[PDB]
>>> print(open('upload08.csv').read())   # CSV, C-alpha atoms
chain,number,residue,atom,x,y,z
A,1,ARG,CA,191.5,56.2,85.3
A,2,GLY,CA,188.9,56.9,82.5
A,3,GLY,CA,185.1,57.2,82.2
A,4,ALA,CA,182.4,59.2,83.9
A,5,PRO,CA,182.7,59.4,87.7
A,6,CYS,CA,180.4,57.1,89.8
A,7,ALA,CA,177.4,58.4,91.8
A,8,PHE,CA,179.5,58.9,95.0
A,9,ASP,CA,182.4,60.6,93.2
A,10,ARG,CA,180.0,63.0,91.5
A,11,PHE,CA,178.7,63.9,94.9
A,12,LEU,CA,182.2,63.9,96.6
A,13,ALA,CA,183.9,66.2,94.0
A,14,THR,CA,180.9,68.6,93.7
A,15,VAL,CA,180.6,69.0,97.5
A,16,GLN,CA,184.4,69.2,98.3
A,17,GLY,CA,184.7,71.6,95.3
A,18,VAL,CA,182.2,74.0,96.7
A,19,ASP,CA,183.9,73.8,100.1
A,20,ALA,CA,187.3,74.4,98.5
A,21,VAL,CA,185.9,77.8,97.2
A,22,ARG,CA,184.4,78.5,100.7
A,23,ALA,CA,187.8,77.5,102.4
A,24,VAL,CA,189.5,80.2,100.1
A,25,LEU,CA,187.0,82.9,101.1
A,26,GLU,CA,187.0,81.8,104.8
A,27,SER,CA,190.8,82.2,104.9
A,28,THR,CA,193.3,84.4,106.9
A,29,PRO,CA,197.1,83.8,107.5
A,30,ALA,CA,196.1,82.6,111.0
A,31,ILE,CA,193.9,79.8,109.6
A,32,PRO,CA,196.2,77.0,108.1
A,33,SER,CA,196.0,75.9,104.4
A,34,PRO,CA,193.6,72.9,104.3
A,35,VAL,CA,193.0,69.6,102.4
A,36,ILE,CA,189.2,69.2,101.8
A,37,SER,CA,188.7,65.8,103.2
A,38,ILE,CA,185.7,63.5,104.1
A,39,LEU,CA,185.4,61.7,107.4
A,40,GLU,CA,182.1,60.3,108.9
A,41,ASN,CA,180.2,61.2,105.6
A,42,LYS,CA,181.0,64.8,106.8
A,43,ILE,CA,183.3,67.1,104.7
A,44,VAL,CA,186.2,68.2,106.9
A,45,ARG,CA,189.1,70.7,106.4
A,46,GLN,CA,192.3,68.9,107.4
A,47,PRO,CA,195.7,70.7,107.4
A,48,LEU,CA,197.8,70.1,104.2
A,49,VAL,CA,201.0,70.0,106.3
B,1,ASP,CA,178.2,93.2,121.4
B,2,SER,CA,178.7,90.8,118.4
B,3,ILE,CA,176.3,93.3,116.6
B,4,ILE,CA,178.6,96.3,117.5
B,5,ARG,CA,181.4,94.6,115.5
B,6,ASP,CA,179.3,94.0,112.3
B,7,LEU,CA,178.0,97.7,112.8
B,8,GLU,CA,181.5,99.4,112.7
B,9,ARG,CA,182.0,97.3,109.5
B,10,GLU,CA,178.8,98.3,107.7
B,11,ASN,CA,179.9,102.1,107.8
B,12,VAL,CA,177.6,102.6,110.9
B,13,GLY,CA,178.8,105.3,113.3
B,14,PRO,CA,179.8,104.7,117.0
B,15,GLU,CA,176.5,106.1,118.3
B,16,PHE,CA,174.5,102.9,117.8
B,17,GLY,CA,177.2,100.6,119.1
B,18,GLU,CA,177.6,102.7,122.2
B,19,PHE,CA,173.8,102.6,122.9
B,20,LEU,CA,173.8,98.8,123.1
B,21,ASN,CA,175.9,99.1,126.4
B,22,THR,CA,174.0,102.1,127.9
B,23,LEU,CA,170.8,100.0,127.2
B,24,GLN,CA,169.4,98.4,130.3
B,25,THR,CA,165.7,97.9,131.3
B,26,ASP,CA,164.7,97.6,135.0
B,27,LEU,CA,162.8,94.3,135.3
B,28,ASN,CA,161.5,95.3,138.7
B,29,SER,CA,159.9,98.8,138.0
B,30,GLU,CA,156.2,99.6,137.3
B,31,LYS,CA,157.1,101.4,133.9
B,32,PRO,CA,157.2,98.7,131.0
B,33,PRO,CA,160.6,97.8,129.3
B,34,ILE,CA,159.3,99.0,125.9
B,35,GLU,CA,158.6,102.5,127.4
B,36,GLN,CA,162.1,102.3,129.1
B,37,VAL,CA,163.9,101.5,125.8
B,38,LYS,CA,161.6,104.1,124.2
B,39,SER,CA,162.7,106.9,126.5
B,40,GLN,CA,166.4,105.8,126.4
B,41,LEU,CA,166.3,106.2,122.6
B,42,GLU,CA,164.9,109.8,122.7
B,43,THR,CA,167.4,110.6,125.4
B,44,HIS,CA,170.6,109.2,123.7
B,45,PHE,CA,169.8,110.1,120.1
B,46,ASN,CA,167.8,113.4,120.7
B,47,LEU,CA,164.6,112.6,118.7
B,48,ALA,CA,162.9,115.6,120.5
B,49,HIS,CA,163.3,118.0,117.6
B,50,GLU,CA,163.0,115.4,114.8
B,51,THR,CA,159.6,114.1,116.2
B,52,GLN,CA,158.4,117.8,116.6
B,53,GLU,CA,159.3,118.5,113.0
B,54,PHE,CA,157.7,115.1,111.9
B,55,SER,CA,154.5,116.3,113.6
B,56,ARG,CA,154.7,120.0,112.5
B,57,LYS,CA,155.5,119.2,108.8
B,58,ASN,CA,152.4,116.8,108.8
B,59,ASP,CA,149.9,119.5,110.1
B,60,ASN,CA,150.7,118.9,113.9
B,61,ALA,CA,149.8,115.2,113.3
B,62,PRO,CA,150.2,113.1,116.6
B,63,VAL,CA,153.0,111.0,115.1
B,64,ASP,CA,153.4,110.3,118.8
B,65,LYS,CA,150.1,108.4,119.2
B,66,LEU,CA,148.7,107.7,115.6
B,67,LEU,CA,146.7,104.6,116.5
B,68,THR,CA,145.6,105.7,120.1
B,69,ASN,CA,144.2,108.7,118.2
B,70,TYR,CA,142.0,107.2,115.5
B,71,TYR,CA,141.1,103.8,117.2
B,72,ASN,CA,139.5,103.1,120.6
B,73,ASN,CA,140.8,100.7,123.3
B,74,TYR,CA,139.0,97.8,121.7
B,75,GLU,CA,139.8,98.5,117.9
B,76,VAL,CA,143.6,99.1,118.6
B,77,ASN,CA,144.0,96.0,121.0
B,78,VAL,CA,142.0,93.8,118.5
B,79,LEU,CA,144.5,94.2,115.7
B,80,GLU,CA,146.8,91.0,115.9
B,81,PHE,CA,148.7,90.7,112.6
B,82,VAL,CA,150.8,93.7,111.7
B,83,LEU,CA,153.2,94.0,108.7
B,84,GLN,CA,155.4,97.1,108.5
B,85,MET,CA,156.6,97.5,104.9
B,86,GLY,CA,160.0,99.2,105.7
B,87,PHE,CA,161.4,102.2,107.4
B,88,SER,CA,160.7,105.9,106.0
B,89,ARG,CA,163.5,107.5,104.0
B,90,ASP,CA,162.5,110.9,105.5
B,91,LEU,CA,163.2,109.9,109.1
B,92,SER,CA,166.5,108.8,110.8
B,93,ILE,CA,167.2,105.2,111.6
B,94,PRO,CA,166.5,105.8,115.4
B,95,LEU,CA,163.2,107.8,114.7
B,96,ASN,CA,162.1,104.9,112.5
B,97,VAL,CA,163.1,102.3,115.3
B,98,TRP,CA,161.4,104.6,117.9
B,99,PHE,CA,158.3,104.7,115.7
B,100,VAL,CA,158.3,100.8,115.4
B,101,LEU,CA,158.7,100.5,119.2
B,102,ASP,CA,155.9,103.2,119.6
B,103,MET,CA,153.5,101.2,117.3
B,104,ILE,CA,153.8,98.1,119.5
B,105,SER,CA,153.4,100.4,122.6
B,106,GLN,CA,150.0,101.6,121.3
B,107,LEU,CA,149.0,98.0,120.2
B,108,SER,CA,149.4,96.6,123.8
B,109,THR,CA,147.5,98.8,126.2
B,110,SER,CA,145.1,96.2,127.5
B,111,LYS,CA,145.7,92.9,129.3
B,112,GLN,CA,142.7,91.3,127.6
B,113,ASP,CA,144.4,90.9,124.2
B,114,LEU,CA,144.9,87.9,122.0
B,115,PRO,CA,148.7,87.6,121.2
B,116,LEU,CA,150.3,90.1,118.8
B,117,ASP,CA,152.3,89.3,115.6
B,118,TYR,CA,154.4,92.2,114.3
B,119,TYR,CA,156.5,91.8,111.1
B,120,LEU,CA,159.0,94.5,110.1
B,121,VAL,CA,160.5,94.4,106.6
B,122,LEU,CA,164.0,96.0,106.1
B,123,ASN,CA,164.1,95.9,102.3
B,124,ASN,CA,167.2,98.0,101.2
B,125,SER,CA,171.0,98.4,101.8
B,126,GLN,CA,170.4,101.4,104.1
B,127,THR,CA,168.2,99.7,106.7
B,128,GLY,CA,169.2,96.0,106.5
B,129,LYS,CA,172.5,96.8,108.3
B,130,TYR,CA,170.5,97.8,111.4
B,131,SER,CA,168.3,94.6,111.7
B,132,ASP,CA,170.5,93.1,114.5
B,133,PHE,CA,170.6,96.4,116.4
B,134,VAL,CA,166.8,96.4,116.0
B,135,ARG,CA,166.4,92.8,117.3
B,136,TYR,CA,168.6,93.5,120.4
B,137,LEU,CA,166.5,96.6,121.2
B,138,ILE,CA,163.3,94.4,120.8
B,139,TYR,CA,164.8,91.5,122.9
B,140,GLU,CA,164.9,94.2,125.7
B,141,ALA,CA,161.6,96.0,124.9
B,142,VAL,CA,159.5,92.7,125.1
B,143,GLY,CA,161.8,91.3,127.9
B,144,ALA,CA,162.8,87.9,126.4
B,145,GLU,CA,164.3,87.0,129.8
B,146,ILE,CA,161.3,84.6,130.0
B,147,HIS,CA,162.7,81.3,128.3
B,148,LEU,CA,169.5,85.6,121.3
B,149,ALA,CA,169.5,83.6,118.0
B,150,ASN,CA,171.2,84.8,114.7
B,151,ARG,CA,167.9,84.2,112.8
B,152,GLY,CA,164.4,83.8,114.3
B,153,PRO,CA,161.4,85.6,115.8
B,154,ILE,CA,161.7,87.4,119.2
B,155,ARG,CA,159.0,86.5,121.7
B,156,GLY,CA,158.0,88.2,124.9
B,157,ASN,CA,155.4,90.2,126.7
B,158,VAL,CA,155.0,93.9,125.6
B,159,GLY,CA,153.3,97.2,126.4
B,160,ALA,CA,151.3,98.5,129.4
B,161,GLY,CA,149.1,95.4,129.3
B,162,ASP,CA,152.0,92.9,129.2
B,163,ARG,CA,150.5,91.6,125.9
B,164,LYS,CA,152.0,88.5,124.4
B,165,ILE,CA,154.2,89.4,121.4
B,166,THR,CA,156.1,87.7,118.6
B,167,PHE,CA,158.3,90.1,116.6
B,168,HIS,CA,159.5,89.0,113.1
B,169,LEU,CA,162.3,90.9,111.4
B,170,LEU,CA,162.4,90.0,107.7
B,171,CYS,CA,165.6,91.1,105.9
B,172,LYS,CA,168.3,90.1,103.4
B,173,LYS,CA,170.7,88.7,106.0
B,174,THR,CA,168.0,86.3,107.2
B,175,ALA,CA,167.2,85.6,103.4
B,176,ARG,CA,170.9,84.8,102.6
B,177,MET,CA,171.3,82.6,105.8
B,178,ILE,CA,168.1,80.7,104.8
B,179,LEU,CA,169.3,79.9,101.2
B,180,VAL,CA,172.7,78.6,102.1
B,181,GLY,CA,171.5,76.4,105.0
B,182,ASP,CA,173.0,78.9,107.5
B,183,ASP,CA,176.5,78.3,106.0
B,184,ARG,CA,179.3,80.7,107.3
B,185,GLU,CA,179.9,82.2,103.8
B,186,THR,CA,176.9,84.5,103.0
B,187,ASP,CA,179.0,87.1,101.0
B,188,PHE,CA,177.0,87.0,97.7
B,189,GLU,CA,174.7,89.6,96.1
B,190,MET,CA,170.9,89.8,96.4
B,191,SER,CA,168.8,92.6,94.8
B,192,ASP,CA,165.8,94.2,96.6
B,193,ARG,CA,163.6,92.8,93.6
B,194,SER,CA,164.9,89.2,94.3
B,195,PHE,CA,164.2,89.9,98.0
B,196,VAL,CA,160.4,90.8,97.7
B,197,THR,CA,159.9,87.5,95.9
B,198,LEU,CA,161.8,85.3,98.4
B,199,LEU,CA,159.5,86.9,101.1
B,200,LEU,CA,156.5,85.7,99.1
B,201,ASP,CA,158.3,82.3,98.7
B,202,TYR,CA,158.7,82.0,102.5
B,203,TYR,CA,155.0,83.0,103.2
B,204,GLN,CA,153.9,80.4,100.6
B,205,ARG,CA,156.2,77.7,102.2
B,206,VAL,CA,155.5,78.7,105.9
B,207,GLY,CA,151.7,77.9,105.4
B,208,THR,CA,150.7,81.4,106.5
B,209,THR,CA,147.0,82.1,106.0
B,210,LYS,CA,146.3,84.5,109.0
B,211,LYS,CA,145.5,87.8,107.5
B,212,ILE,CA,147.2,91.2,107.9
B,213,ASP,CA,144.9,93.6,109.9
B,214,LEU,CA,147.2,96.7,110.0
B,215,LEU,CA,149.4,97.7,107.1
B,216,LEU,CA,152.1,100.3,107.7
B,217,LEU,CA,153.3,101.8,104.3
B,218,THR,CA,155.9,104.5,104.0
B,219,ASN,CA,158.5,106.2,101.8
B,220,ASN,CA,161.0,103.3,101.5
B,221,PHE,CA,164.4,103.8,99.8
B,222,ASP,CA,164.8,102.1,96.3
B,223,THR,CA,161.4,103.3,95.1
B,224,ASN,CA,161.9,101.4,91.8
B,225,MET,CA,161.3,98.1,93.7
B,226,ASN,CA,160.1,99.1,97.2
B,227,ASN,CA,157.2,101.2,95.8
B,228,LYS,CA,154.2,101.7,98.2
B,229,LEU,CA,151.5,101.4,95.4
B,230,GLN,CA,153.3,98.4,94.1
B,231,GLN,CA,153.6,97.0,97.7
B,232,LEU,CA,149.7,97.5,98.4
B,233,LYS,CA,148.8,96.1,94.9
B,234,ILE,CA,150.8,92.8,95.6
B,235,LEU,CA,149.2,92.3,99.0
B,236,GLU,CA,145.7,93.0,97.4
B,237,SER,CA,146.7,90.5,94.6
B,238,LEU,CA,147.6,87.6,97.0
B,239,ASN,CA,144.6,87.6,99.3
B,240,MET,CA,146.9,88.7,102.2
B,241,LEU,CA,145.0,91.6,103.6
B,242,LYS,CA,142.1,90.9,106.0
B,243,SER,CA,138.5,92.0,104.7
B,244,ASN,CA,138.7,95.0,107.1
B,245,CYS,CA,142.4,95.7,107.0
B,246,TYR,CA,143.5,99.2,108.0
B,247,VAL,CA,146.2,100.8,105.9
B,248,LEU,CA,148.5,103.5,107.3
B,249,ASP,CA,150.8,105.4,104.9
B,250,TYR,CA,153.1,107.8,106.7
B,251,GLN,CA,155.9,110.2,105.6
B,252,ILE,CA,156.8,114.0,105.3
B,253,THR,CA,157.9,114.2,101.6
B,254,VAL,CA,155.0,114.3,99.1
B,255,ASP,CA,155.7,112.9,95.6
B,256,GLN,CA,154.1,111.3,92.5
B,257,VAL,CA,154.1,107.9,94.3
B,258,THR,CA,152.1,109.6,97.1
B,259,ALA,CA,149.6,111.2,94.7
B,260,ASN,CA,149.2,107.8,92.8
B,261,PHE,CA,148.8,105.8,96.0
B,262,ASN,CA,146.2,108.3,97.2
B,263,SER,CA,144.4,108.3,93.8
B,264,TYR,CA,144.2,104.4,93.7
B,265,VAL,CA,143.1,103.8,97.3
B,266,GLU,CA,140.7,106.8,97.2
B,267,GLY,CA,139.5,106.1,93.6
B,268,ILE,CA,136.2,104.9,92.1
B,269,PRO,CA,136.2,101.3,90.6
B,270,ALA,CA,136.5,102.5,86.9
B,271,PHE,CA,139.5,104.6,88.0
B,272,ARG,CA,141.2,101.7,89.8
B,273,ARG,CA,140.6,99.3,86.8
B,274,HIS,CA,142.1,101.7,84.2
B,275,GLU,CA,145.2,102.4,86.4
B,276,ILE,CA,146.0,98.7,86.5
B,277,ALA,CA,145.6,98.5,82.7
B,278,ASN,CA,147.4,101.8,81.9
B,279,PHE,CA,150.5,100.6,83.9
B,280,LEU,CA,150.3,97.2,82.2
B,281,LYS,CA,150.4,98.7,78.6
B,282,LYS,CA,152.9,101.5,79.6
B,283,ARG,CA,155.5,99.6,81.8
B,284,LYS,CA,155.3,95.9,80.5
B,285,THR,CA,158.1,95.0,78.0
B,286,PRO,CA,159.2,91.4,76.9
B,287,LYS,CA,162.3,91.6,79.1
B,288,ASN,CA,160.3,93.2,82.1
B,289,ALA,CA,157.4,90.6,81.7
B,290,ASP,CA,158.4,88.2,84.5
B,291,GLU,CA,158.6,90.9,87.3
B,292,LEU,CA,156.3,90.4,90.3
B,293,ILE,CA,154.6,93.7,89.3
B,294,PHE,CA,153.3,92.0,86.1
B,295,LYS,CA,151.9,89.0,88.0
B,296,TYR,CA,150.6,90.5,91.2
B,297,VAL,CA,148.8,93.7,89.6
B,298,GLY,CA,146.2,94.5,92.3
B,299,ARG,CA,142.4,94.2,92.4
B,300,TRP,CA,140.4,97.3,91.3
B,301,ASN,CA,137.3,95.7,92.9
B,302,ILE,CA,138.7,96.1,96.5
B,303,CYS,CA,137.1,99.2,98.0
B,304,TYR,CA,138.6,101.4,100.7
B,305,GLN,CA,137.2,104.3,102.9
B,306,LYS,CA,139.2,107.3,104.3
B,307,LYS,CA,139.3,106.8,108.1
B,308,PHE,CA,141.9,109.5,109.1
B,309,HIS,CA,144.0,112.2,107.3
B,310,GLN,CA,146.5,114.8,108.4
B,311,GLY,CA,148.6,116.0,105.6
B,312,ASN,CA,150.8,113.2,104.4
B,313,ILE,CA,149.7,110.7,107.2
B,314,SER,CA,146.5,108.7,106.4
B,315,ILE,CA,144.5,105.6,107.5
B,316,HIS,CA,142.1,104.0,105.1
B,317,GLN,CA,140.2,100.8,105.7
B,318,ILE,CA,139.1,98.0,103.2
B,319,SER,CA,135.3,98.7,103.0
B,320,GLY,CA,134.2,95.9,100.6
B,321,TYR,CA,135.1,93.6,97.7
B,322,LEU,CA,133.1,94.0,94.4
B,323,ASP,CA,132.3,90.6,92.6
>>> encode(input="upload08.csv", output="structure tokens")
Amino acid sequence: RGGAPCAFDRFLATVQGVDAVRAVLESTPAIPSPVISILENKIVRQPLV
Amino acid sequence: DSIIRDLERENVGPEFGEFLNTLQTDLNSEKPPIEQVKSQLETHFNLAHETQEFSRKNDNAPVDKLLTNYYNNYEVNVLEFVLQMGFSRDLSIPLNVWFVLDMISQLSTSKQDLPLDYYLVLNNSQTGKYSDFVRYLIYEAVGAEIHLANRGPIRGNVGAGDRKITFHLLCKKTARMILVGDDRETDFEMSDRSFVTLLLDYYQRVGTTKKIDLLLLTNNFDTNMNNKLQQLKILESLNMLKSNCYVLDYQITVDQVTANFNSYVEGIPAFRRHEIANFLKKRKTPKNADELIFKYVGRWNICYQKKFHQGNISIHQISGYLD
């Protein structure tokens, strides 16, 4: 659980982190609460539910 | 229509939105689309009195046909790279638009013209909001039903001589889209200072080395950054103006900026040289030091000649380069 993140994690957290902020701004009650996910090397916003 | 939605938002009145539905060019008719959208503007927005006053207040200057007037068929139709450094604070948004459209109108009389490239810079909060209304009006004017995009130049055939055109609208929206790789979320601040330099960054990245042959300069809003003298000076600096570039400054309001511009362009080499230096000692501070105005200072050795003048509207041409 300890130590510096690996190359991929550094990328994954930084990129999903930026999208999380975007997902907040890009929100309305009509658009469901997401989980910032990764699929085919593409960041995707899946529903938390 | 997508534009009409963003308009109602940016505090723009119903007038503009409404116009984009009463706007229709007849593809069949002998009268060119640019002239059709040109008349439709004066008809809907009533630019009849404002143009009369824009003429009257400038000593009956033919604001109407400024190029047609000074140039001849060849000279006008030979100009191929135009940069219009903003809209004039003294005129309404439609009159500015109408003027833009009218410039292209004059530049495309003949059918024996090498393609035109017109760039229009909307550099402040007041004008930027109308860029998409301006691009829609141009998409019609040039008749891009030849074969619109969120970002990108409008191509078509324009004027009486069906001249090939490529209209480039440079603005902050386009700048914000570019920086974020066209990401949906563009709601972040950009200052008009930041803006001038990203324009310069794009020109330096785009590999543009085709020279400006007609410079339209006016009384832009946000004088602090969007200054005419400071605008001219930077283009002088960067080797961006053609050896025989024409420079048209147009407005109604006369101010210190106008006197200075006039005294620089119209001034003897010693004068020009001292101005560049006086500004440098007077305005440069260690905080200020990095500004584009401290790097791209002008070239006193560029010589101009008065080619036309009617109180507050003038054409000067680059006469020679001292070295």
>>> interface_residues(input="upload08.csv", of="chain A", to="chain B", cutoff="8 Å", atoms="only C-alpha atoms", output="list in words")
residues 22, 25 and 26 of chain A
>>> atom_distance(input="upload08.csv", atom1="atom CA of residue 63 of chain B", atom2="atom CA of residue 99 of chain B")
8.3 Å
>>> residues_around(input="upload08.csv", residues="segment 4-9 of chain B", least_positions_apart="6", cutoff="9 Å", atoms="only C-alpha atoms", output="PyMOL selection string")
chain B and resi 16-18+20+129-130+132-133
>>> atom_distance(input="upload08.csv", atom1="atom CA of residue 26 of chain B", atom2="atom CA of residue 158 of chain B")
14.0 Å
>>> atom_distance(input="upload08.csv", atom1="atom CA of residue 215 of chain B", atom2="atom CA of residue 166 of chain B")
16.6 Å
>>> residues_around(input="upload08.csv", residues="residue 25 of chain B", least_positions_apart="3", cutoff="9 Å", atoms="only C-alpha atoms", output="PDB file with C-alpha atoms, keeping the file's coordinate frame")
ATOM      1  CA  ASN B  28     161.500  95.300 138.700  1.00  0.00           C
ATOM      2  CA  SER B  29     159.900  98.800 138.000  1.00  0.00           C
ATOM      3  CA  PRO B  32     157.200  98.700 131.000  1.00  0.00           C
ATOM      4  CA  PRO B  33     160.600  97.800 129.300  1.00  0.00           C
ATOM      5  CA  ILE B  34     159.300  99.000 125.900  1.00  0.00           C
ATOM      6  CA  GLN B  36     162.100 102.300 129.100  1.00  0.00           C
ATOM      7  CA  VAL B  37     163.900 101.500 125.800  1.00  0.00           C
ATOM      8  CA  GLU B 140     164.900  94.200 125.700  1.00  0.00           C
ATOM      9  CA  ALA B 141     161.600  96.000 124.900  1.00  0.00           C
ATOM     10  CA  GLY B 143     161.800  91.300 127.900  1.00  0.00           C
TER      11      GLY B 143
END
>>> residues_near_point(input="upload08.csv", point="(158.3, 95.3, 118.9)", cutoff="6 Å", atoms="all atoms listed in the file", output="number ranges by chain")
B: 101, 104, 138, 167
>>> write_last_selection(input="upload08.csv", atoms="C-alpha atoms", output="compact mmCIF listing (two decimals), in the frame of the given file")
# COMPACT_ATOMS: atom_id res chain seq x y z
CA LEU B 101 158.70 100.50 119.20
CA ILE B 104 153.80 98.10 119.50
CA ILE B 138 163.30 94.40 120.80
CA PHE B 167 158.30 90.10 116.60
>>> residues_around(input="upload08.csv", residues="segment 15-21 of chain A", least_positions_apart="5", cutoff="10 Å", atoms="all atoms listed in the file", output="number ranges by chain")
A: 9-10, 26, 34-38, 43-45; B: 185
>>> residues_near_point(input="upload08.csv", point="(197.9, 75.5, 102.4)", cutoff="9 Å", atoms="all atoms listed in the file", output="ChimeraX atom specification")
/A:32-35,47-49
>>> residues_around(input="upload08.csv", residues="residue 127 of chain B", least_positions_apart="2", cutoff="10 Å", atoms="only C-alpha atoms", output="PyMOL selection string")
chain B and resi 86-89+93+96+121-125+129-131+134+171+220-221
>>> build_atoms(input="upload08.csv", residues="segment 8-19 of chain A", atoms="N, CA, C and O atoms", output="PDB file, in the coordinates of the input")
ATOM      1  N   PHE A   8     178.801  58.335  93.850  1.00  0.00           N
ATOM      2  CA  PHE A   8     179.500  58.900  95.000  1.00  0.00           C
ATOM      3  C   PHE A   8     180.563  59.920  94.652  1.00  0.00           C
ATOM      4  O   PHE A   8     180.586  60.978  95.273  1.00  0.00           O
ATOM      5  N   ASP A   9     181.423  59.637  93.651  1.00  0.00           N
ATOM      6  CA  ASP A   9     182.400  60.600  93.200  1.00  0.00           C
ATOM      7  C   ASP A   9     181.835  61.914  92.708  1.00  0.00           C
ATOM      8  O   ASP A   9     182.331  62.998  93.069  1.00  0.00           O
ATOM      9  N   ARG A  10     180.714  61.833  91.951  1.00  0.00           N
ATOM     10  CA  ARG A  10     180.000  63.000  91.500  1.00  0.00           C
ATOM     11  C   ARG A  10     179.586  63.871  92.653  1.00  0.00           C
ATOM     12  O   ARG A  10     179.852  65.085  92.659  1.00  0.00           O
ATOM     13  N   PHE A  11     179.043  63.222  93.699  1.00  0.00           N
ATOM     14  CA  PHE A  11     178.700  63.900  94.900  1.00  0.00           C
ATOM     15  C   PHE A  11     179.981  64.474  95.616  1.00  0.00           C
ATOM     16  O   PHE A  11     180.040  65.674  95.920  1.00  0.00           O
ATOM     17  N   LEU A  12     180.987  63.591  95.854  1.00  0.00           N
ATOM     18  CA  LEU A  12     182.200  63.900  96.600  1.00  0.00           C
ATOM     19  C   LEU A  12     182.997  65.074  95.974  1.00  0.00           C
ATOM     20  O   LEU A  12     183.409  65.964  96.705  1.00  0.00           O
ATOM     21  N   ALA A  13     183.147  65.100  94.666  1.00  0.00           N
ATOM     22  CA  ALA A  13     183.900  66.200  94.000  1.00  0.00           C
ATOM     23  C   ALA A  13     183.108  67.493  93.972  1.00  0.00           C
ATOM     24  O   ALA A  13     183.703  68.564  94.098  1.00  0.00           O
ATOM     25  N   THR A  14     181.787  67.414  93.772  1.00  0.00           N
ATOM     26  CA  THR A  14     180.900  68.600  93.700  1.00  0.00           C
ATOM     27  C   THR A  14     180.902  69.325  95.068  1.00  0.00           C
ATOM     28  O   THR A  14     181.164  70.530  95.150  1.00  0.00           O
ATOM     29  N   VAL A  15     180.662  68.545  96.132  1.00  0.00           N
ATOM     30  CA  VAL A  15     180.600  69.000  97.500  1.00  0.00           C
ATOM     31  C   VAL A  15     181.934  69.529  98.033  1.00  0.00           C
ATOM     32  O   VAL A  15     181.979  70.643  98.571  1.00  0.00           O
ATOM     33  N   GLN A  16     183.041  68.763  97.846  1.00  0.00           N
ATOM     34  CA  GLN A  16     184.400  69.200  98.300  1.00  0.00           C
ATOM     35  C   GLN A  16     184.833  70.405  97.462  1.00  0.00           C
ATOM     36  O   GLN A  16     185.504  71.273  98.001  1.00  0.00           O
ATOM     37  N   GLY A  17     184.420  70.474  96.189  1.00  0.00           N
ATOM     38  CA  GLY A  17     184.700  71.600  95.300  1.00  0.00           C
ATOM     39  C   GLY A  17     184.138  72.892  95.743  1.00  0.00           C
ATOM     40  O   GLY A  17     184.814  73.925  95.708  1.00  0.00           O
ATOM     41  N   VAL A  18     182.877  72.852  96.211  1.00  0.00           N
ATOM     42  CA  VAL A  18     182.200  74.000  96.700  1.00  0.00           C
ATOM     43  C   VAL A  18     182.844  74.463  98.017  1.00  0.00           C
ATOM     44  O   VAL A  18     183.134  75.664  98.178  1.00  0.00           O
ATOM     45  N   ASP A  19     183.149  73.483  98.902  1.00  0.00           N
ATOM     46  CA  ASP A  19     183.900  73.800 100.100  1.00  0.00           C
ATOM     47  C   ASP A  19     185.250  74.391  99.904  1.00  0.00           C
ATOM     48  O   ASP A  19     185.628  75.304 100.626  1.00  0.00           O
TER      49      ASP A  19
END
